[PDB]
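Read the numbers this way: they start at 1 and go in the same order the structure lists the ligands and their atoms. Along the sequence shown, residues are numbered consecutively beginning with 1.
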Amino acid sequence: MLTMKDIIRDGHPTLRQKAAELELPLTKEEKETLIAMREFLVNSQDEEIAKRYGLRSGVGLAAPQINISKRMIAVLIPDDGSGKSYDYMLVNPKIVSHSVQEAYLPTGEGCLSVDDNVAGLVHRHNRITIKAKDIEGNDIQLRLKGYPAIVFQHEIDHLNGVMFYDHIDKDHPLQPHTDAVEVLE
Ligand SMILES: CC(C)(C)[C@H](NC(=O)Nc1cc(F)cc(F)c1)C(=O)N(CC(=O)NO)CC1CCCC1
Ligand SMILES: [Zn+2]
């Protein structure tokens, strides 16, 4: 069972490396890791389990965050009230196209690997198309917009050694870009 102790902290060199492509099929150990990454997210969203093991409520996790430099991610976003929810374990995900229009969370972002809040807007693409493999090596193509697009971009960034605060404007951290969509949390 993964917990907060498995999550490495900002400053750990693995978080700044470029994660390696997975060869398909995955090994059993790689499947188990990816399943446990999702299970961490499932556990973190269960009120009682999260309380018992001191878990922060997570919507995404990238393998580098548990010190595994491999291009795998898990995303678990519960129903936003519209019936849309996102439960994906992705292997070698890649943004193949995106909107020019940007989007941002109004209060900025945070990260399982970052202890202290960092104020400032993180502009990402409002719309993205991702190609990836699933855990069994089958093909997945996702068309994403708004909040889930932001989450997936955040996770893919981890695979390239990019941290959310890298995107914050030092002088004008709270100024939205022209025509950027404010995305409701
Ligand atoms: C850093 C943390 C606060 C744990 C964040 N969770 C989060 O925002 N959860 C959340 C918010 C809600 F409004 C309702 C709800 F059910 C859960 C998160 O998991 N991540 C994932 C991460 O660390 N990926 O590497 C950070 C998010 C900030 C923007 C996208 C991902
Ligand atoms: Zn993160």
Contact list for residues 156-178, test salt bridge (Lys or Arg N to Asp or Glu O under 4.0 Å), sequence neighbours left out: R16-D166, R124-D157
Give me the residue, atom name and distance of the protein heavy atom closest to [atom].
| atom | result |
| --- | --- |
| atom 28 (C) of ligand 1 | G110 O, 3.4 Å |
| atom 18 (C) of ligand 1 | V59 N, 3.9 Å |
| atom 8 (O) of ligand 1 | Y147 OH, 4.4 Å |

Judging by distance only, is a nitrogen or oxygen of [X] under 3.5 angstrom from one on ligand 1?
| X | answer |
| --- | --- |
| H158 | yes |
| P78 | no |
| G60 | yes |
| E109 | no |
| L112 | yes |
| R56 | no |

Atom OH of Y165 with >12 non-hydrogen neighbours under 6.0 angstrom: yes
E47 atom CD: more than 12 heavy-atom contacts under 6.0 Å: no
Option nearest atom 4 (C) of ligand 1 (shortest heavy-atom distance, choices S44, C111, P148, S57): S57
Shortest heavy-atom approach to atom 30 (C) of ligand 1 - which of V151, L76, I156: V151
Is there a protein heavy atom less than 4.0 Å away from [atom]?
| atom | answer |
| --- | --- |
| atom 14 (C) of ligand 1 | no |
| atom 11 (C) of ligand 1 | no |
| atom 23 (O) of ligand 1 | yes |

Residues in salt bridge (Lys or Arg N to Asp or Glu O under 4.0 Å) contact with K94, at least two apart in sequence or another chain: none
Salt bridge (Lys or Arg N to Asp or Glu O under 4.0 Å) partners of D139, counting only residues at least two apart: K133
Among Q101, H98, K145, the one residue meeting side-chain hydrogen bond (donor to acceptor under 3.5 Å, both in side chains) with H125: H98
N, O or S atoms of the protein lying under 2.8 Å from the Zn ion (ligand 2): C111 SG, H154 NE2, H158 NE2
Checking side-chain polar atoms at under 3.5 Å, does [X] have a donor or acceptor matched by the opposite partner on [Y]?
| X | Y | answer |
| --- | --- | --- |
| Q45 | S57 | no |
| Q65 | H158 | yes |
| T14 | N67 | yes |
| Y88 | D134 | no |

Which segment of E155 sits under 4.0 Å of ligand 1 when only heavy atoms are counted: side chain
Sidechain-backbone polar pair: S44 side chain, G58 backbone, donor-acceptor under 3.5 Å: yes
Smallest separation among heavy atoms of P78 and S85, with atom names: C-CB, 4.0 Å
Minimum heavy-atom distance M72-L22, with the two atoms named: CG-CD2, 3.4 Å
Ligand-residue contact atoms, ligand 1 with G58, heavy atoms, under 4.0 Å: 19 (O)
Cluster check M37, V114: I/L/V/M/F/W/Y, side chain < 4.5 angstrom: no
Any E185 heavy atom less than 4.0 Å to ligand 1: no
